[PDB]
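Below is one structure, written out as structure tokens; the observations come after it.
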Amino acid sequence: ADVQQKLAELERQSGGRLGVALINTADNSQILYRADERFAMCXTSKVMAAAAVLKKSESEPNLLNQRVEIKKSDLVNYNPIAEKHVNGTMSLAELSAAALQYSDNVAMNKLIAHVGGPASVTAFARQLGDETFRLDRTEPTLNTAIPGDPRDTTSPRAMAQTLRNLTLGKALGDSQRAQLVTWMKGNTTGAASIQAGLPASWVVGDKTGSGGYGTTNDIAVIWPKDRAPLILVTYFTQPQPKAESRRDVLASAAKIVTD
Ligand SMILES: [Cl-]
């Protein structure tokens, strides 16, 4: 009850729309806030794309080493790693790491293309038992985050359940699951988001996202000190098309649900 009141107060103060789903694996409980509403995933969808490539690699041993050409025509709006590799190749492993750890949107597009496009990433989610996730578009248009638009959305409940399957469950083989977890633990973009609302000693693997309408998102697997792991999804979006980022709202939500 108190956690629900605190999240409602945070949402009101923020001016936007907040979605939270916590899974506590200690007792198989959930804390949910707007957890069945749809939110634009933005960059948080890169976890599903990387996982689809990892799944494909279970039956193709040379897959992560496969080379992909990077060209000027591949550049999109945010290319921190790929811009350094134009006119050479990157491996699928390198693209997965760049997408997950730097939010590189060329890397995301190469993962999407490799597996067959947005409908193939979506079909992979369905195969896992996630019937909510939809990836409709490529980068950069998947980030428009227009209110009322179901494209490129999921719910907090569904994303938390799927992230639990991918990182702690059996969606991926042991090598592939470990690789995903290692990649997420090495993320460089999340220190102001969920991590900022947790004690410094806790270990986090996370993936952020941002987009239009001030959309500010983070999804995480969390190892609290001497406790069973948690899964936390915090999704946030705002009424104004040009609203600014609000990573502090995600940190505040994380603090509320883990205190
Ligand atoms: Cl505006």
Side-chain angles (χ1 to χ4, degrees), residues 6-22 32-49 75-80 99-100 102-109 112 118 121-122 125 130 132-160 162-163 187-197 206-220 232-257:
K6 283 176 158 62
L7 289 173
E9 290 165 344
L10 170 61
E11 181 180 61
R12 188 264 173 82
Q13 195 287 328
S14 77
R17 184 172 64 99
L18 178 66
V20 180
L22 179 75
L32 302 174
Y33 188 89
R34 300 192 189 285
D36 297 306
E37 298 189 21
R38 284 185 175 278
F39 293 80
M41 291 180 284
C42 303
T44 68
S45 63
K46 306 185 202 66
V47 172
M48 195 77 77
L75 297 171
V76 289
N77 293 347
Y78 187 64
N79 327 293
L100 291 171
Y102 291 91
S103 297
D104 189 292
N105 292 13
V106 173
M108 172 58 151
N109 278 350
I112 291 172
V121 179
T122 299
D130 183 331
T132 308
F133 176 98
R134 54 188 283 186
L135 187 65
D136 290 61
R137 290 172 295 170
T138 59
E139 299 281 10
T141 63
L142 66 78
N143 303 286
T144 51
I146 298 162
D149 188 346
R151 293 182 290 177
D152 308 295
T153 63
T154 196
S155 70
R157 184 195 300 263
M159 191 60 107
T162 297
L163 188 64
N187 181 31
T188 73
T189 72
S193 300
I194 286 168
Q195 286 167 48
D206 81 294
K207 179 72 191 76
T208 56
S210 66
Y213 290 80
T215 297
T216 313
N217 297 333
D218 198 13
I219 70 177
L232 178 58
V233 170
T234 57
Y235 279 173
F236 181 66
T237 193
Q238 300 180 70
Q240 305 90 356
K242 302 182 186 178
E244 299 188 55
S245 65
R246 292 294 304 276
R247 294 177 294 270
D248 65 294
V249 170
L250 309 186
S252 295
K255 180 175 182 186
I256 287 164
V257 302

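FYI, the numbering just counts along the sequence from 1. Side chains included, hydrogens not; waters and symmetry mates left out as well; all remaining heavy atoms used.
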Could you report the tightest heavy-atom contact between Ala8 and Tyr33, atom names first, then the distance?
CA-OH, 3.4 Å
What residues form a side-chain contact (heavy atoms from CB on, under 4.5 Å) with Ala254, not counting sequence neighbours?
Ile194, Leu198, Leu232
If we check side chain to side chain contact (heavy atoms under 4.5 Å, CB included) with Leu250, which of these qualifies: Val20, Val233, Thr216?
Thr216
Is the shortest heavy-atom distance from the side chain of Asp136 to the side chain of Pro118 under 4.5 Å?
no
So, does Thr162 use its side chain to make a donor-acceptor pair with the main chain of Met159 at under 3.5 Å?
no
Sequence neighbours excluded, the answer for side chain to side chain donor-acceptor pair (under 3.5 Å) partners of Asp206 is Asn187, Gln195
Can you find a heavy atom in the side chain of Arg38 that is under 4.5 Å from one in the side chain of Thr132?
yes
Establish, from distance only, whether the side-chain atoms of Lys207 and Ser103 form a donor-acceptor pair under 3.5 Å.
yes
Can you check whether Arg247's main-chain N or O pairs, donor with acceptor, with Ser245's side chain at less than 3.5 Å?
no
Which heavy atom of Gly16 sits nearest to which heavy atom of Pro239, and what is that distance?
CA-CD, 4.3 Å
Pair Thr208-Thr189, side-chain donor/acceptor within less than 3.5 Å
yes
Using the rule given for side-chain contact (heavy atoms from CB on, under 4.5 Å), can you reason through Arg137 versus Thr144, listing the C-alpha separation, both sets of side-chain angles and the distance that settles it, and then say yes or no?
CA-CA 10 Å; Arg137 290 172 295 170; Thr144 51; 3.0 Å; yes
Shortest non-hydrogen pair, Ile219 vs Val47, comes out as CD1-CG2, 4.0 Å
Interatomic distance, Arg246 atom CZ to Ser252 atom OG [nearest 0.5 angstrom]
8.0 Å
Minimum heavy-atom separation for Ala145 to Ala40, with atom names?
CB-CB, 3.6 Å
For the atom pair OG (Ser155) and CG (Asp130), what is the distance rounded to the nearest 0.5 Å?
7.5 Å
Output for pair (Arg134 CZ, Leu142 CG), nearest 0.5 Å, gives 12.5 Å
Gap separating the CG atom of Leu7 from the OG1 atom of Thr234, nearest 0.5 angstrom:
10.5 Å
Just do the side-chain contact (heavy atoms from CB on, under 4.5 Å) check on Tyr235 and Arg34 with the steps written out, would you?
CA-CA 10 Å; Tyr235 279 173; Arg34 300 192 189 285; over 6 Å; no
To the nearest 0.5 Å, what is the distance between CG (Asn143) and OG (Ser45)?
7.5 Å
Is a side-chain N or O of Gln238 found less than 3.5 angstrom from the main chain of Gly214, in a donor-acceptor match?
yes
Quick check for you: to the nearest 0.5 Å, what is the distance between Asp152 atom CG and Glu139 atom CD?
9.0 Å
Stepwise side-chain contact (heavy atoms from CB on, under 4.5 Å) test for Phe133 and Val121
CA-CA 9 Å; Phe133 176 98; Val121 179; 4.0 Å; yes
Chi angles and distances behind the side-chain contact (heavy atoms from CB on, under 4.5 Å) call for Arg17, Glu37:
CA-CA 10 Å; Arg17 184 172 64 99; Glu37 298 189 21; 3.0 Å; yes
Heavy atoms of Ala192 and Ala251 approach each other most closely as O-CB, 4.1 Å
Side-chain donor-acceptor pair present, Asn217, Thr44, cut-off under 3.5 Å
no
Any idea which heavy atoms bring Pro150 and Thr153 closest together, and the distance?
O-OG1, 2.7 Å
Is there a donor-acceptor contact under 3.5 Å from the side chain of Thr122 to the main chain of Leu135?
yes
